[PDB]
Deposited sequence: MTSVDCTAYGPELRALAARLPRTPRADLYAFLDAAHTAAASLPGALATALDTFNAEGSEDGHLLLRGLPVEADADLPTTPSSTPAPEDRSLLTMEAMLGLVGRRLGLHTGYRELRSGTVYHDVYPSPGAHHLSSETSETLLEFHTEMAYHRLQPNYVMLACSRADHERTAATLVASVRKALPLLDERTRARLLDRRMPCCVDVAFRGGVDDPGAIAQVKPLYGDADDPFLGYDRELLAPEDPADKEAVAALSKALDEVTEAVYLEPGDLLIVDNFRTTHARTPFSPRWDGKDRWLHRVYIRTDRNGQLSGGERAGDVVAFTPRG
């Protein structure tokens, strides 16, 4: 689902100005301010966000297009390393991730991941690991972000400040609501609630992930075409049936400056197609944050936007 935000430029540039200019220096205060400003989001946008937050969508994502973003010459050089300087001045797409983010839930940091930071810069880096956001030339295989983590976030948000030079990088998303109808009764019943072995990403280096779970008439999805490792042949067969159904419903989003993609991390699996970086200081640059909500026990109380959580594998 897409929402053209172009006409909100002015109002959104305003709300963004309400926020502290050095977010990481005091993230709790920054996010709190963004929560206040979030109450003033244009009615239409606010409704779309609230509706998507409560109902999700058939395609499992909400793309906000045309959000304000700095002219390319006004953006810093594309980052060449992580973590980002705590002193880095606020970027507009980051502001948008704050506003829209608090409208949906709580930004959450994951200790063992990216120094336990909350705002993640997603740019390509030399000799990147195959399962990393830093890859470019190699396809970033379908994955439900941290599906093996107990505190898996409900949403993964990606805001684009800089697309790749030839704009060939495509963000893929496959929705459980479109793929499920393609599986037969046997396969669904086999998948639903069946915990299966799953490795974890490098930073968290078992875990038992349930490919499907929840209401059988509208189950959530936990899939990783890399770390999900089924045992029983019956199992492997059901997963493959799901892997194919997902490929079959694959949707492609080409992120361009001003774009903010909200991935329903409980009903989708995503990926990124190949692209060649130029190492010229203007490579692809996305901003990522994870959002937690009241849904399916991600919160136990007392949580605040900006909190960093430890790792506990599902099982």
{"property": "Missing residue ranges, deposited sequence indexing starting at 1", "result": "1, 207-214"}
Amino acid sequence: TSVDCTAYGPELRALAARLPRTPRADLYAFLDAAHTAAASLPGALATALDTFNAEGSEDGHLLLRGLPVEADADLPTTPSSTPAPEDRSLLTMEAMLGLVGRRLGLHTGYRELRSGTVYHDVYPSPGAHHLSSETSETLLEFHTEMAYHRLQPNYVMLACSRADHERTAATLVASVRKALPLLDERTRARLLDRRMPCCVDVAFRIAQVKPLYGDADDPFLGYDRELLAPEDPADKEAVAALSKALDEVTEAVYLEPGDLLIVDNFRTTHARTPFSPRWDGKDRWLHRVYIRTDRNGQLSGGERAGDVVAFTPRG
From here on, numbers count along this sequence of modelled residues.
item	value
Mean C-alpha B-factor comparison - 85-93 and 208-216, higher one	208-216
Between 133-141 and 75-83 (mean CA B-factor, as deposited), the higher	133-141
Candidate set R177, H165, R102, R190 [ranked by C-alpha B-factor, highest]	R190
Candidate residues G98, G109, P153, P197, the one whose C-alpha B factor the record puts highest	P197
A252 - which third its CA temperature factor falls in, relative to the rest of the chain	middle
Where the record places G297 (Cα B-factor, split into thirds across the chain)	highest
Among modelled residues of the same chain, the CA temperature factor third for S115	highest
Among modelled residues of the same chain, the CA temperature factor third for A234	highest
Among modelled residues of the same chain, the CA temperature factor third for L41	highest
